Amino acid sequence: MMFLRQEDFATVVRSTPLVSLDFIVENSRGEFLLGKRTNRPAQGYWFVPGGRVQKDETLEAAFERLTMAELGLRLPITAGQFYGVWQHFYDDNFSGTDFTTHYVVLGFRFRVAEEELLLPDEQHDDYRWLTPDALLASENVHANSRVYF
């Protein structure tokens, strides 16, 4: 009912906007975390960690599930600074190139201690901590992440 069967997720992505939380994650030196995405959309691009909110899931609960899933560290929504509403449009989707993906995105910024994360490998094949100037200069960082800086 929350994590959908692929068939139902496909209908959802084809038919309506997804709602996601994007995390602008700072370290103690003022650098920010980007992961190199292994899944579509934005496959192969460096992107901020984040993910979609599920059916009947509160934003408070989603924030905890997603920080744990993306960073290996569960944080409460009270730790985040609301960072605006954004919109991400991609010509492809998780399953291929047959339809587009649309996210309405809630940004949240917060600082962590790098040593306390347990970065997972399911959705990203590499992670880097970059300065705003550095990430803004690279076309390998997706435009939808660059705009946060």
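The numbering used is simple: start at 1 and walk along the sequence shown.
Mean temperature factor over C-alpha atoms, higher-scoring stretch between 123 to 131 and 5 to 13:
Taking the mean B-factor of the alpha carbons in each, 123 to 131 is higher.
If you average the Cα B factors in the entry, which is higher, 132 to 140 or 17 to 25?
Per the deposited B-factors, the answer is 132 to 140.
Candidate set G35, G84, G51, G96 [ranked by C-alpha B-factor, highest]
Max CA B-factor in the entry, restricted to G35, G84, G51, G96: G96.
Highest Cα temperature factor in the entry, among the options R40, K55, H88, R109: which one is it?
It is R40.
Which third of the chain does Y45 land in by C-alpha B-factor: lowest, middle or highest?
Its C-alpha B-factor belongs to the highest third of this chain's values.
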